[PDB]
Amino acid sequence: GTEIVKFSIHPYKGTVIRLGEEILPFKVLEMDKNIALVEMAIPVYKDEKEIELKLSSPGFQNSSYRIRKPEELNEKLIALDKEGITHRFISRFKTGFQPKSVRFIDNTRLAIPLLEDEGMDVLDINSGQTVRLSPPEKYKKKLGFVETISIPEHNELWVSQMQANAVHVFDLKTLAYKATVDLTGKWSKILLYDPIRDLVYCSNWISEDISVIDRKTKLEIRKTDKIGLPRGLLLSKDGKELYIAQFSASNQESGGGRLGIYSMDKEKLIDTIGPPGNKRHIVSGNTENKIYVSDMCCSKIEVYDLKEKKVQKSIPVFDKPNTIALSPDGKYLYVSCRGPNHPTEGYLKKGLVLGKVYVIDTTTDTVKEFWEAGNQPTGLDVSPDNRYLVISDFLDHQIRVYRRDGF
């Protein structure tokens, strides 16, 4: 006989599921833009016969979904790959509430701070094995875990907690809680590590400054003057300049952020470059003089020339580009796009349009491919071996895992 299963399909429109070359009818339970929760009857295949579901949809590559038993499909998301893309959907994994960022700590495991949950998930994308890392009760109850850095040379994993103006340190091998740095700034978010000076920098959203923490002692040793409203950070190759993504000019205005240039030696902001907007994330390019910056104002990635001290190119992407990451081989820049803000209710509410992921060819600085993901893609990283790209669907409390062709 049959088993009734419930799972999600993306896209729903035009999509057929067949089994043994016959239609397997399904019933729509819920619709969320192009993602459908559906229920379907699957026959119980006997005598070691594999159930191969065949999915097809206009403008999408065919997928086969193989299961030993109907039950295996329950609570799954099947997402089809858009025609012509070279990154293929592997899995969706549920996380705790509001996974704000993701970071590979090795080839397959991710550290995932949870903005509305009691710590950080550590999740293996091979198996879906998860474990929750938490600071002591007094901290963990405040929620608001944001960003990480991994420091394997000292066997540490650091996570900022904006709701406690703190940064927590875990042992990277044992996953045990190790220490907490209580900061004197407010609303700590982005972390950066400097291996030369052995310091960790922390962007403080509310106090509009950066905390400098001695990595060894777990103590904040100094903090900058106000340097705009910061988020992303990047330290120059020579270690002499700190690049600050100003999300805005200050907490008193909505925009006017530029790329800040902070002289480490002079301990001051010496320049601000690029046009005004909401600079978010910063990474180094595959060449020396090149940095990429996401600008949340204007659906764009900016390519800065550091010597020239300005933008050499803006690459158009989708609405609200947030986290970006260079592939280890430098061939691609990956971009998470949150999507347009709900037109009436703003960004705190699920949008009427799903977010997207973009792949930028760094040789030409043009978009090679892109596709639709879930509600508010926010976290993004690529595995150190080039193999996997992972994004967090922030309002869906999950990650989507993709695999690069040829890796």
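The numbering used is simple: start at 1 and walk along the sequence shown.
A.B. asks: Where do the C-alpha atoms have the higher mean temperature factor in this entry, in 136-144 or in 123-131?
C.D. replies: Going by the record's values, the stretch with the higher mean is 136-144.
A.B. asks: So 353-361 or 49-57, which one's hotter by mean CA B-factor in the entry?
C.D. replies: Higher mean C-alpha B-factor in the PDB entry: 49-57.
A.B. asks: Going by the deposited entry, which of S203, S150, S263, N322 has the highest CA temperature factor?
C.D. replies: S263 has the highest C-alpha B-factor of those listed.
A.B. asks: Compare the CA B factors listed in the entry for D329, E288, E208, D182 and report the winner.
C.D. replies: Most elevated C-alpha B-factor of the set, per the entry: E288.
A.B. asks: Quick check for you: using the entry's CA B-factors within this chain, is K27 in the lowest, middle or highest third?
C.D. replies: Answer is highest: the recorded C-alpha B-factor places it there.
A.B. asks: Lowest, middle or highest third: which one holds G14 when the chain's residues are ordered by CA B-factor from the entry?
C.D. replies: Lowest third of the chain for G14's C-alpha B-factor.
A.B. asks: Hey, what third does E75 fall into on Cα B-factor, ranked over its chain?
C.D. replies: Highest third - that is where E75 ends up once the chain's C-alpha B-factors are sorted.
A.B. asks: Could you tell me which third, lowest, middle or highest, the C-alpha B-factor of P275 occupies within its chain?
C.D. replies: According to the entry, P275 has a C-alpha B-factor in the chain's middle third.
A.B. asks: Rank-wise, by C-alpha B-factor, drop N34 into the lowest, middle or highest third of its chain.
C.D. replies: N34: CA B-factor falls in the middle third of its chain.
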